[PDB]
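Have a look at structure.pdb; it's PDB, C-alpha atoms:
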```pdb
ATOM      1  CA  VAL A   1      -0.356  30.803   9.841
ATOM      2  CA  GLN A   2      -0.278  31.984   5.629
ATOM      3  CA  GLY A   3      -2.879  29.740   3.980
ATOM      4  CA  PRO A   4      -2.844  28.995   0.275
ATOM      5  CA  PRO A   5      -4.310  31.332  -2.320
ATOM      6  CA  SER A   6      -7.954  30.763  -3.082
ATOM      7  CA  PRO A   7      -8.524  28.048  -5.723
ATOM      8  CA  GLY A   8     -11.541  29.998  -6.942
ATOM      9  CA  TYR A   9     -13.718  26.866  -7.068
ATOM     10  CA  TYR A  10     -15.208  24.734  -4.238
ATOM     11  CA  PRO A  11     -16.179  21.197  -5.318
ATOM     12  CA  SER A  12     -17.171  20.183  -1.747
ATOM     13  CA  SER A  13     -19.794  22.935  -1.627
ATOM     14  CA  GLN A  14     -21.617  21.473  -4.636
ATOM     15  CA  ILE A  15     -22.288  18.009  -3.123
ATOM     16  CA  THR A  16     -24.807  17.038  -0.394
ATOM     17  CA  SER A  17     -23.412  16.281   3.077
ATOM     18  CA  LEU A  18     -24.389  12.738   4.124
ATOM     19  CA  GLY A  19     -24.733  10.805   7.367
ATOM     20  CA  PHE A  20     -22.535   7.678   7.723
ATOM     21  CA  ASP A  21     -25.377   5.184   7.243
ATOM     22  CA  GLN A  22     -26.348   6.690   3.877
ATOM     23  CA  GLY A  23     -23.024   5.448   2.351
ATOM     24  CA  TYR A  24     -21.151   3.144   4.740
ATOM     25  CA  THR A  25     -21.172   0.296   7.279
ATOM     26  CA  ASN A  26     -18.642  -0.989   9.751
ATOM     27  CA  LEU A  27     -16.115  -3.481   8.386
ATOM     28  CA  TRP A  28     -14.073  -4.352  11.492
ATOM     29  CA  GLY A  29     -13.992  -3.427  15.175
ATOM     30  CA  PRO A  30     -17.699  -2.471  15.558
ATOM     31  CA  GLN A  31     -17.134  -2.118  19.312
ATOM     32  CA  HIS A  32     -14.783   0.772  18.495
ATOM     33  CA  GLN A  33     -17.256   2.629  16.237
ATOM     34  CA  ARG A  34     -20.192   4.894  17.085
ATOM     35  CA  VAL A  35     -22.516   7.008  14.952
ATOM     36  CA  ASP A  36     -24.265  10.080  16.434
ATOM     37  CA  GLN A  37     -26.790  11.753  14.107
ATOM     38  CA  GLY A  38     -24.706  10.709  11.060
ATOM     39  CA  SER A  39     -21.347  11.662  12.554
ATOM     40  CA  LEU A  40     -18.792   8.844  12.959
ATOM     41  CA  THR A  41     -16.274   8.222  15.715
ATOM     42  CA  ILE A  42     -13.820   5.338  15.385
ATOM     43  CA  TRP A  43     -10.933   4.507  17.620
ATOM     44  CA  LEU A  44      -7.891   2.406  18.347
ATOM     45  CA  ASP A  45      -6.785   1.037  21.669
ATOM     46  CA  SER A  46      -4.591  -1.837  22.910
ATOM     47  CA  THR A  47      -7.125  -4.463  21.793
ATOM     48  CA  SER A  48      -8.320  -3.285  18.340
ATOM     49  CA  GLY A  49      -8.701  -0.526  15.825
ATOM     50  CA  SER A  50     -11.767  -0.034  13.662
ATOM     51  CA  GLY A  51     -12.612   0.475   9.981
ATOM     52  CA  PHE A  52     -15.603   1.093   7.740
ATOM     53  CA  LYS A  53     -16.380   0.396   4.084
ATOM     54  CA  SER A  54     -18.742   1.824   1.514
ATOM     55  CA  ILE A  55     -21.998   0.000   0.759
ATOM     56  CA  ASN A  56     -21.182   0.315  -2.970
ATOM     57  CA  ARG A  57     -18.329  -0.479  -5.305
ATOM     58  CA  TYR A  58     -17.540   2.450  -7.676
ATOM     59  CA  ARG A  59     -16.079   2.939 -11.206
ATOM     60  CA  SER A  60     -15.387   6.643 -10.574
ATOM     61  CA  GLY A  61     -16.355   9.624  -8.451
ATOM     62  CA  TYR A  62     -15.749  12.323  -5.920
ATOM     63  CA  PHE A  63     -15.332  10.944  -2.385
ATOM     64  CA  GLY A  64     -14.982  13.199   0.629
ATOM     65  CA  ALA A  65     -15.374  13.634   4.354
ATOM     66  CA  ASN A  66     -14.916  16.180   7.023
ATOM     67  CA  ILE A  67     -12.290  14.675   9.361
ATOM     68  CA  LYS A  68     -10.866  15.747  12.739
ATOM     69  CA  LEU A  69      -7.744  14.189  14.249
ATOM     70  CA  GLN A  70      -6.576  13.522  17.815
ATOM     71  CA  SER A  71      -4.381  15.983  19.708
ATOM     72  CA  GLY A  72      -1.421  15.099  21.894
ATOM     73  CA  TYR A  73       0.864  12.100  21.463
ATOM     74  CA  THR A  74      -0.291  10.021  18.452
ATOM     75  CA  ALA A  75       2.951   8.607  17.051
ATOM     76  CA  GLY A  76       2.681   5.391  15.115
ATOM     77  CA  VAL A  77      -1.063   5.744  14.471
ATOM     78  CA  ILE A  78      -2.709   6.265  11.120
ATOM     79  CA  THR A  79      -6.158   7.705  10.487
ATOM     80  CA  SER A  80      -7.210   7.006   6.921
ATOM     81  CA  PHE A  81      -9.613   7.636   4.087
ATOM     82  CA  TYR A  82      -9.002   5.653   0.904
ATOM     83  CA  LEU A  83     -10.289   3.763  -2.112
ATOM     84  CA  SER A  84      -9.225   0.159  -2.549
ATOM     85  CA  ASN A  85     -10.038  -3.265  -3.965
ATOM     86  CA  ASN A  86      -7.617  -5.254  -1.649
ATOM     87  CA  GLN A  87     -10.524  -7.553  -0.640
ATOM     88  CA  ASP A  88     -11.348  -8.389  -4.278
ATOM     89  CA  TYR A  89      -7.659  -8.912  -5.332
ATOM     90  CA  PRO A  90      -5.723  -9.748  -2.175
ATOM     91  CA  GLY A  91      -2.051  -8.954  -2.635
ATOM     92  CA  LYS A  92      -2.578  -7.721  -6.217
ATOM     93  CA  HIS A  93      -4.847  -4.738  -5.631
ATOM     94  CA  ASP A  94      -5.210  -1.071  -6.479
ATOM     95  CA  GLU A  95      -5.536   1.664  -3.887
ATOM     96  CA  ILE A  96      -5.726   5.450  -3.649
ATOM     97  CA  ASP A  97      -4.847   6.684  -0.166
ATOM     98  CA  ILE A  98      -5.131   9.635   2.138
ATOM     99  CA  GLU A  99      -3.312   8.717   5.403
ATOM    100  CA  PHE A 100      -2.698  10.986   8.366
ATOM    101  CA  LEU A 101       0.541   9.987  10.085
ATOM    102  CA  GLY A 102       0.421  10.636  13.817
ATOM    103  CA  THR A 103       2.995  12.702  15.588
ATOM    104  CA  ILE A 104       4.685  13.810  18.837
ATOM    105  CA  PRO A 105       4.298  17.106  20.715
ATOM    106  CA  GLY A 106       6.066  19.943  18.922
ATOM    107  CA  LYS A 107       5.856  18.325  15.459
ATOM    108  CA  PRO A 108       2.961  18.456  12.983
ATOM    109  CA  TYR A 109       0.869  15.654  11.508
ATOM    110  CA  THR A 110       1.873  14.459   8.070
ATOM    111  CA  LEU A 111      -0.688  13.849   5.335
ATOM    112  CA  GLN A 112       0.511  11.063   2.977
ATOM    113  CA  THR A 113      -1.097  10.310  -0.403
ATOM    114  CA  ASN A 114      -0.274   7.119  -2.273
ATOM    115  CA  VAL A 115      -1.378   5.026  -5.226
ATOM    116  CA  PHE A 116      -1.116   1.208  -5.564
ATOM    117  CA  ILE A 117      -1.500  -0.616  -8.829
ATOM    118  CA  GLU A 118      -1.675  -4.409  -8.952
ATOM    119  CA  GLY A 119      -0.175  -4.693  -5.485
ATOM    120  CA  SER A 120       2.725  -2.202  -5.634
ATOM    121  CA  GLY A 121       2.699   1.270  -4.150
ATOM    122  CA  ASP A 122       5.802   3.304  -3.434
ATOM    123  CA  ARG A 123       4.076   6.369  -4.902
ATOM    124  CA  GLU A 124       4.108   8.462  -1.740
ATOM    125  CA  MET A 125       3.794  12.186  -1.417
ATOM    126  CA  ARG A 126       3.887  13.735   2.014
ATOM    127  CA  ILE A 127       2.857  17.210   3.125
ATOM    128  CA  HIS A 128       2.410  19.078   6.374
ATOM    129  CA  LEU A 129      -0.670  21.273   6.682
ATOM    130  CA  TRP A 130      -1.294  25.036   7.043
ATOM    131  CA  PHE A 131      -3.743  24.482   9.915
ATOM    132  CA  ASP A 132      -4.064  22.279  13.000
ATOM    133  CA  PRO A 133      -6.045  19.226  11.877
ATOM    134  CA  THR A 134      -6.966  18.424  15.502
ATOM    135  CA  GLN A 135      -8.650  21.757  16.254
ATOM    136  CA  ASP A 136     -11.666  21.395  13.942
ATOM    137  CA  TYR A 137     -13.001  19.287  11.074
ATOM    138  CA  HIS A 138     -11.380  19.943   7.691
ATOM    139  CA  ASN A 139     -12.471  18.655   4.328
ATOM    140  CA  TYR A 140     -10.598  15.864   2.579
ATOM    141  CA  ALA A 141     -11.440  14.448  -0.818
ATOM    142  CA  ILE A 142     -10.350  12.050  -3.564
ATOM    143  CA  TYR A 143     -11.485  12.678  -7.111
ATOM    144  CA  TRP A 144     -11.043   9.674  -9.414
ATOM    145  CA  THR A 145     -11.858   9.335 -13.104
ATOM    146  CA  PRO A 146     -10.378   7.296 -15.967
ATOM    147  CA  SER A 147      -8.214  10.358 -16.820
ATOM    148  CA  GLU A 148      -6.834  11.504 -13.458
ATOM    149  CA  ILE A 149      -6.780  11.449  -9.684
ATOM    150  CA  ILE A 150      -6.851  14.665  -7.720
ATOM    151  CA  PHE A 151      -6.536  14.976  -3.912
ATOM    152  CA  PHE A 152      -8.142  17.985  -2.146
ATOM    153  CA  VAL A 153      -7.712  19.529   1.324
ATOM    154  CA  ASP A 154     -10.422  22.172   2.041
ATOM    155  CA  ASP A 155     -11.000  22.269  -1.752
ATOM    156  CA  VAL A 156      -7.315  23.065  -2.412
ATOM    157  CA  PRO A 157      -5.812  20.476  -4.788
ATOM    158  CA  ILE A 158      -2.613  19.140  -3.223
ATOM    159  CA  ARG A 159      -1.720  16.517  -5.860
ATOM    160  CA  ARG A 160      -2.745  15.389  -9.319
ATOM    161  CA  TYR A 161      -1.905  11.911 -10.623
ATOM    162  CA  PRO A 162      -2.700  11.836 -14.317
ATOM    163  CA  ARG A 163      -3.193   8.706 -16.419
ATOM    164  CA  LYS A 164       0.195   8.200 -18.120
ATOM    165  CA  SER A 165      -0.322   4.525 -18.957
ATOM    166  CA  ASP A 166      -2.875   1.837 -18.198
ATOM    167  CA  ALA A 167      -0.202  -0.096 -16.279
ATOM    168  CA  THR A 168       0.379   2.790 -13.861
ATOM    169  CA  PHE A 169      -3.256   3.931 -13.355
ATOM    170  CA  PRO A 170      -6.228   2.566 -11.412
ATOM    171  CA  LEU A 171      -8.804   1.395 -13.923
ATOM    172  CA  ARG A 172     -10.743  -1.226 -11.933
ATOM    173  CA  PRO A 173     -13.637  -0.624  -9.457
ATOM    174  CA  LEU A 174     -12.867   0.482  -5.936
ATOM    175  CA  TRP A 175     -14.705   0.633  -2.613
ATOM    176  CA  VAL A 176     -14.283   3.470  -0.151
ATOM    177  CA  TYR A 177     -12.732   2.754   3.260
ATOM    178  CA  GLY A 178     -11.588   4.492   6.388
ATOM    179  CA  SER A 179      -9.712   3.282   9.448
ATOM    180  CA  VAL A 180      -7.604   3.983  12.539
ATOM    181  CA  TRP A 181      -4.749   1.567  13.069
ATOM    182  CA  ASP A 182      -1.247   0.956  14.448
ATOM    183  CA  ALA A 183       1.536   1.539  11.903
ATOM    184  CA  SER A 184       4.281   1.884  14.546
ATOM    185  CA  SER A 185       7.015   0.403  12.338
ATOM    186  CA  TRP A 186       6.840   3.378   9.820
ATOM    187  CA  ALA A 187       4.201   6.096  10.453
ATOM    188  CA  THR A 188       6.148   8.578  12.586
ATOM    189  CA  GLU A 189       9.696   9.570  11.564
ATOM    190  CA  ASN A 190       9.982   6.274   9.707
ATOM    191  CA  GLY A 191       9.282   4.297  12.923
ATOM    192  CA  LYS A 192      11.423   6.296  15.403
ATOM    193  CA  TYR A 193       8.350   7.134  17.515
ATOM    194  CA  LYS A 194       5.963   4.272  18.030
ATOM    195  CA  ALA A 195       2.464   3.953  19.455
ATOM    196  CA  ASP A 196       2.287   4.799  23.160
ATOM    197  CA  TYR A 197      -0.923   3.268  24.521
ATOM    198  CA  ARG A 198      -0.728   5.441  27.635
ATOM    199  CA  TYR A 199      -2.393   8.007  25.419
ATOM    200  CA  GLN A 200      -5.116   5.607  24.168
ATOM    201  CA  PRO A 201      -7.735   5.585  22.761
ATOM    202  CA  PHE A 202      -6.684   7.160  19.433
ATOM    203  CA  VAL A 203      -9.862   8.589  17.974
ATOM    204  CA  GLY A 204     -10.787   9.534  14.390
ATOM    205  CA  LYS A 205     -13.874  11.581  13.694
ATOM    206  CA  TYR A 206     -15.584  11.745  10.300
ATOM    207  CA  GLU A 207     -18.778  13.563   9.242
ATOM    208  CA  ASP A 208     -20.534  15.313   6.309
ATOM    209  CA  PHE A 209     -19.584  12.521   3.949
ATOM    210  CA  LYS A 210     -19.581  13.486   0.288
ATOM    211  CA  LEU A 211     -20.374  11.098  -2.541
ATOM    212  CA  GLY A 212     -20.640  12.540  -6.109
ATOM    213  CA  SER A 213     -19.927   9.247  -7.679
ATOM    214  CA  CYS A 214     -20.731   6.403 -10.033
ATOM    215  CA  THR A 215     -21.371   2.868  -8.884
ATOM    216  CA  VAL A 216     -20.104   0.094 -11.142
ATOM    217  CA  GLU A 217     -23.613  -0.586 -12.442
ATOM    218  CA  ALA A 218     -24.812   3.051 -12.584
ATOM    219  CA  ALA A 219     -26.514   4.327 -15.763
ATOM    220  CA  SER A 220     -23.845   5.035 -18.422
ATOM    221  CA  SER A 221     -24.544   8.781 -18.275
ATOM    222  CA  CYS A 222     -23.141   8.876 -14.739
ATOM    223  CA  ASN A 223     -19.815  10.723 -14.494
ATOM    224  CA  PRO A 224     -18.288  12.408 -11.471
ATOM    225  CA  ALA A 225     -18.923  15.832 -10.249
ATOM    226  CA  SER A 226     -17.198  18.948 -11.607
ATOM    227  CA  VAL A 227     -14.001  19.593  -9.832
ATOM    228  CA  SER A 228     -13.168  22.814 -11.697
ATOM    229  CA  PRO A 229     -14.954  25.597 -13.605
ATOM    230  CA  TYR A 230     -13.597  24.014 -16.798
ATOM    231  CA  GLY A 231     -12.988  20.360 -17.881
ATOM    232  CA  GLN A 232      -9.604  20.517 -16.241
ATOM    233  CA  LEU A 233      -7.981  22.206 -13.242
ATOM    234  CA  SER A 234      -8.131  25.978 -13.632
ATOM    235  CA  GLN A 235      -4.989  28.024 -13.517
ATOM    236  CA  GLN A 236      -6.171  29.340 -10.151
ATOM    237  CA  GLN A 237      -6.465  25.703  -8.893
ATOM    238  CA  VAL A 238      -3.010  24.894 -10.324
ATOM    239  CA  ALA A 239      -1.464  27.901  -8.632
ATOM    240  CA  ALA A 240      -2.915  26.830  -5.278
ATOM    241  CA  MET A 241      -1.591  23.250  -5.745
ATOM    242  CA  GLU A 242       1.837  24.687  -6.687
ATOM    243  CA  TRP A 243       1.933  26.808  -3.515
ATOM    244  CA  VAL A 244       1.126  23.763  -1.346
ATOM    245  CA  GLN A 245       3.874  21.660  -2.883
ATOM    246  CA  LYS A 246       6.368  24.542  -2.712
ATOM    247  CA  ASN A 247       5.699  25.421   0.925
ATOM    248  CA  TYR A 248       4.443  22.185   2.584
ATOM    249  CA  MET A 249       5.689  19.143   0.645
ATOM    250  CA  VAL A 250       8.231  17.124   2.609
ATOM    251  CA  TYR A 251       8.510  14.012   0.444
ATOM    252  CA  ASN A 252       7.857  13.115  -3.165
ATOM    253  CA  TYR A 253       8.811   9.686  -4.415
ATOM    254  CA  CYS A 254       9.611  11.027  -7.886
ATOM    255  CA  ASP A 255      12.309  13.248  -6.347
ATOM    256  CA  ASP A 256      13.892  10.552  -4.137
ATOM    257  CA  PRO A 257      17.303   9.547  -5.588
ATOM    258  CA  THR A 258      17.220   6.261  -3.601
ATOM    259  CA  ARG A 259      14.141   5.167  -5.573
ATOM    260  CA  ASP A 260      14.279   3.128  -8.761
ATOM    261  CA  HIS A 261      12.083   5.323 -10.962
ATOM    262  CA  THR A 262      11.928   2.688 -13.714
ATOM    263  CA  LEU A 263       9.613   0.770 -11.342
ATOM    264  CA  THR A 264       7.390   3.939 -11.492
ATOM    265  CA  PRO A 265       7.504   5.333 -15.119
ATOM    266  CA  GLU A 266       4.648   7.810 -14.562
ATOM    267  CA  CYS A 267       7.147  10.194 -12.898
TER     268      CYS A 267
END
```
Just give me the structure of the file as structure tokens.
Amino acid sequence: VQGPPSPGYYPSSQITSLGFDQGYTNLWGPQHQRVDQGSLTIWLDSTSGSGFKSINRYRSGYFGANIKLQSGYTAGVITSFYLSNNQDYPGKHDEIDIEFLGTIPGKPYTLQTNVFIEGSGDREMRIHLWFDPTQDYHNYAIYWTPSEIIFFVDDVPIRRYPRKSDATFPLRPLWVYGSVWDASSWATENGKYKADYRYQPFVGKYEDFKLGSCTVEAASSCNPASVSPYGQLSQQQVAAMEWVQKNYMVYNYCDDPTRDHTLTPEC
């Protein structure tokens, strides 16, 4: 295993790799978190998962990490990296998600991306990957400006969510989070395979954090990082994103005939 065509531009290579403590602290389950020379390990077992949160609240930016997932049986468990304001607006929040959905032997991990606006999501896109995300660290990133969201895997854009209306786009400040947790009811084949704690702990590893971003109170000149040679995805970037969605996309909410698309007019 064919990988995508080169995107011709490498946003992750233009931003300094950071240790955990330069951007983040633990939020819950500190007993299931360790940091070794900037590299983070968090884990889930029968008693608790763990999650971390950025020190700052942001208005925009480029947010990335190198992440490595657990091999073997991992059904029902989600390893995550996301932007959210759920703690500022409980129940009525915005979120931008990367979620790895655990799996069973013989079947690949699923990477889900999602967007919540004022408390409602249902904006899922799911892909499988062109590499084994348990064998080494791979780069995952969320780019977020007032005009668009772009998700990147190893600097390949896998999805773009443009601003079609204010009501369907995240315009309020977000913090960065990451977690490992039990989503047995839905994560793996819509809940068919659930967490099996015989295989515990379920470990998530994160390092070389990337922040090319703008805090809420940052000087007004602050804007995110270039994500393309131009002011917009290049045709080479677009072609790579197209290949991913052609060859690896397994769900797109816009294409689901069971979904009421009026509830999501950005489609």
So which residues touch residue A:243 within 10 Å, counting only C-alpha atoms, skipping near sequence neighbours fewer than 5 positions away, as a PyMOL selection string?
chain A and resi 3-5+158+238+248-249
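Distances from A:22, A:74, A:14, A:236 to residue A:184 were compared using only C-alpha atoms, and the smallest one belongs to A:74.
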What's the separation between atom CA of residue A:203 and atom CA of residue A:82, in Å to one decimal place?
17.3 Å
Mind pulling up the distance from atom CA of residue A:78 to atom CA of residue A:1?
24.7 Å
Measuring between all atoms listed in the file, which one of A:157, A:162, A:8, A:204 shows the shortest distance to residue A:99?
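Looking at the shortest contact to residue A:99, the residue is A:204.
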Under the PyMOL selection byres ((chain A and resi 197) around 12), which residues of this model are included? Write them out as a ChimeraX atom specification.
/A:44-48,73-77,182,184,194-196,198-202
Please write the residues from the selection above to a file, keeping C-alpha atoms, as a tab-separated table (two decimals), keeping the file's coordinate frame.
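Output saved as part.tsv:
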```tsv
chain	number	residue	atom	x	y	z
A	44	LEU	CA	-7.89	2.41	18.35
A	45	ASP	CA	-6.78	1.04	21.67
A	46	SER	CA	-4.59	-1.84	22.91
A	47	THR	CA	-7.12	-4.46	21.79
A	48	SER	CA	-8.32	-3.28	18.34
A	73	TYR	CA	0.86	12.10	21.46
A	74	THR	CA	-0.29	10.02	18.45
A	75	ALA	CA	2.95	8.61	17.05
A	76	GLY	CA	2.68	5.39	15.12
A	77	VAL	CA	-1.06	5.74	14.47
A	182	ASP	CA	-1.25	0.96	14.45
A	184	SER	CA	4.28	1.88	14.55
A	194	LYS	CA	5.96	4.27	18.03
A	195	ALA	CA	2.46	3.95	19.45
A	196	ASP	CA	2.29	4.80	23.16
A	198	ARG	CA	-0.73	5.44	27.64
A	199	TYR	CA	-2.39	8.01	25.42
A	200	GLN	CA	-5.12	5.61	24.17
A	201	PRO	CA	-7.74	5.58	22.76
A	202	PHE	CA	-6.68	7.16	19.43
```
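Residue neighbourhood of residue A:146, excluding near-sequence residues (fewer than 6 positions): residues 60, 163, 170 and 171 of chain A, at 8 Å, using all atoms listed in the file.
Taking only C-alpha atoms into account, residue A:122 lies nearest to A:168 out of the set A:135, A:10, A:65, A:168.
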